[PDB]
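Taking it in order: structure first as structure tokens, then the write-up.
Only this structure's heavy atoms are used, side chains among them; waters, hydrogens and symmetry mates stay out. Throughout, a chain's letter reflects where its sequence line sits, starting with A, and its residues are numbered from 1.
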Amino acid sequence: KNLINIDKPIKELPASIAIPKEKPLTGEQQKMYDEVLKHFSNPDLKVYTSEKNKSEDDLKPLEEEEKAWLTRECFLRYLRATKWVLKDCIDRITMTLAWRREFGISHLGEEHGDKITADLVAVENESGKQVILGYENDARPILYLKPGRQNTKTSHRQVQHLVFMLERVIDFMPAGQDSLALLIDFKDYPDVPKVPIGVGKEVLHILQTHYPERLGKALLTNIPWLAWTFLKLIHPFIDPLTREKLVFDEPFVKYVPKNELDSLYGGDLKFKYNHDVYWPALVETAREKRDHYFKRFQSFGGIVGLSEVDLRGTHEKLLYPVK
Amino acid sequence: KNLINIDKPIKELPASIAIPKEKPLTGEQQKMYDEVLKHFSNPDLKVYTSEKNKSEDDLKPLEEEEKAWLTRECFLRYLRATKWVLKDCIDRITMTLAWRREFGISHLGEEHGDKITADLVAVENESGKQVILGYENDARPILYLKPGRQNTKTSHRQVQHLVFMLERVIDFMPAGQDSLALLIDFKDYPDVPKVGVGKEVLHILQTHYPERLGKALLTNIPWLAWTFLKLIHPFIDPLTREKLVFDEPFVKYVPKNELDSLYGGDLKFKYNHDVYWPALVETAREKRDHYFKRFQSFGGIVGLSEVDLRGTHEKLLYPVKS
């Protein structure tokens with residue numbers, strides 16, 4: 001039958017998928033990067049404790065978990081997102097640090113004090129409306145979004161749930177990659193009892209402001225007829241780089257290995273969502289990844305600027321020693 | 001209290017809305033335009049009789065009603081849409097002529113032989129899912145699209161209906177304007193009985209109606225869809241996103257006395273098919289009769305200006321270069 005029955009996240013990137021080569025930095029880009037590193041490596045630096053309630057009178061230094069989040073690639077994502085405008089890059093990183101503090105995820109895990117816990121959001125995922133499973137052609141972990149399986153009413157918890165899953169998919173990043181792939185299925189799921197808007201604006205703000213360069217590819221399917229037409233109509237007018245991220249009306253297998261894809265979309269993975277099995281496995285797997293990540297961070301001096309290639313790897317010597 | 005009950009299309013652009021003056025052409029654009037004019041003014045020109053069934057062995061000369069469609073502004077719309085690439089402009093105009101013939105609308109009206117008649121598509125508009133009414137700040141006639149009021153099963157007739165309405169809003173273009181404004185309401189309408197096409201509609205819109213979308217005002221957008229629009233919006237080229245309007249008071253773009261009260265305007269409009277449809281069709285018909293009569297009075301030649309065809313002044317504002 002060729003189908004592979006699976007019910008838990010795939011812990012590692014298979015050796016069959018190579019890690020895409022990283023685009024090189026120009027002498028000047030390398031110079032701006034050093035400026036960002038210097039700024040955040042300042043032992044006296046203090047940052048706002050909140051984004052929404054930002055106050056020049058309430059600043060706090062970088063904690064250890066924050067220094068571990070301020071990585072080489074974190075700097076690069078912001079540098080590229082702000083089009084290498086040093087001042088904007090610094091400001092954005094600072095505001096995301098403030099937001100992570102206000103939102104309750106600045107500690108890199110509930111085990112370090114995060115207010116956003118697995119138990120807090122677990123109910124939101126009981127119908128499997130979001131699933132982390134598999135990796136695509138460019139080694140990007142896959143996040144399935146199935147709005148047609150909505151099981152709860154509009155609430156702020158829905159936002160915390162989304163942020164939690166995004167942070168988890170990020171934990172699943174293999175060494176050498178920092179972008180994810182979203183597979184969005186708009187189909188209606190009647191088997192899922194439907195529950196009987198402010199959240200939209202907060203979701204948008206978070207996605208556009210605090211997760212720069214995370215969208216590697218977006219695979220769309222079962223798009224509503226009318227929505228499809230509007231996408232086709234505006235498509236010729238979307239910036240080249242962005243349009244290349246959008247994939248639709250194409251074989252998903254063309255972008256995702258067959259054994260890494262849900263059979264529901266042409267792959268070989270016979271996946272059925274079972275909460276009492278999938279959720280505990282996801283949380284634990286993510287936990288082990290961050291434990292390793294944080295342990296490496298400490299073994300390398302616990303300083304700002306370390307590379308995620310090194311933090312997520314096991315090689316003895318640093319591939320990217322800090323200047 | 002300050003509302004106005006209305007149940008039929010507004011026939012003329014009010015004197016209170018000025019027609020935006022057009023930008024003059026550069027010496028180079030002018031040169032290219034003359035090229036288009038020369039090509040389509042060729043007395044020996046023959047063009048395909050169909051787009052989908054295009055055949056080099058089946059070419060027919062331009063009929064009188066087609067020369068009337070090949071206006072100065074028709075050439076310019078295609079020139080602008082093809083980024084002033086002569087070869088592309090000429091090819092596109094030719095395929096649209098071929099498409100209009102195959103689709104059944106190459107005669108400028110059922111009165112001249114159009115296969116697409118008002119009677120043919122009338123039922124598609126019974127629930128008022130599309131309405132032509134009013135003009136906005138830039139004198140663009142307004143076309144309302146209420147997909148939540150769908151009253152029929154999917155079919156090619158729905159396509160014919162859409163094309164018919166587009167051709168009608170074009171008949172409503174005031175002299176000096178050739179772009180329309182679309183007001184789309186995605187709200188669901190339960191009070192309306194419920195129940196490739198999508199691909200055909202896309203092809204027509206993207207290929208045979210260049211530069212017609214002046215403004216697209218959107219409202220009652222679904223939450224999830226709204227998020228995607230906001231997310232991709234920063235990456236849409238400037239000119240295109242300026243055309244899109246949402247999360248803004250429509251009155252900012254449409255005079256209140258030209259806007260449906262459901263969206264903040266003062267027009268209290270209720271769709272009554274037996275009243276609205278006959279008026280729309282007749283008004284459009286009268287506009288087409290005038291347009292064609294003017295065309296004939298000016299020699300019935302290719303290249304005439306829609307400003308002159310839709311106006312009443314005696315002397316031409318845009319004489320055709322001999």
Item to check | Heavy atoms of other groups near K194(A) NZ, more than 12 under 6.0 Å | outcome: no

Next on the checklist: Is there a side chain to side chain contact (heavy atoms under 4.5 Å, CB included) between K201(A) and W223(B)? Walk through the geometry before answering.
Outcome noted: CA-CA 10 Å; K201(A) 296 211 227 188; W223(B) 146 56; over 6 Å; no

Checklist entry - For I236(B), is it the side chain, the backbone, both, or neither that has a heavy atom closer than 4.5 Å to a heavy atom of chain A? => result both

Checklist entry - Any side-chain heavy atom of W226(B) sitting closer than 4.5 Å to one from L204(A)? => result yes

Checklist outcome for this item: Comparing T229(A), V199(A), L233(A), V203(A) against chain B, the one with the most heavy-atom pairs below 4.5 Å turns out to be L233(A)

With a 4.5 angstrom heavy-atom cut-off, could you sort out which part of [X] is near chain B: side chain, backbone, both or neither?
X: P236(A); answer: side chain
X: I234(A); answer: side chain
X: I197(A); answer: both
X: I184(A); answer: side chain

Measure the [atom1]-[atom2] distance between [X] and [Y] for me, rounded to the nearest 0.5 Å.
X: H203(B); Y: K232(A); atom1: NE2; atom2: NZ; answer: 12.0 Å
X: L239(B); Y: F237(A); atom1: CG; atom2: CZ; answer: 9.5 Å
X: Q150(B); Y: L226(A); atom1: CD; atom2: CG; answer: 10.5 Å

Next on the checklist: Tell me if the centroids of the rings in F228(B) and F230(A) come within less than 6.0 Å of each other.
Outcome noted: no

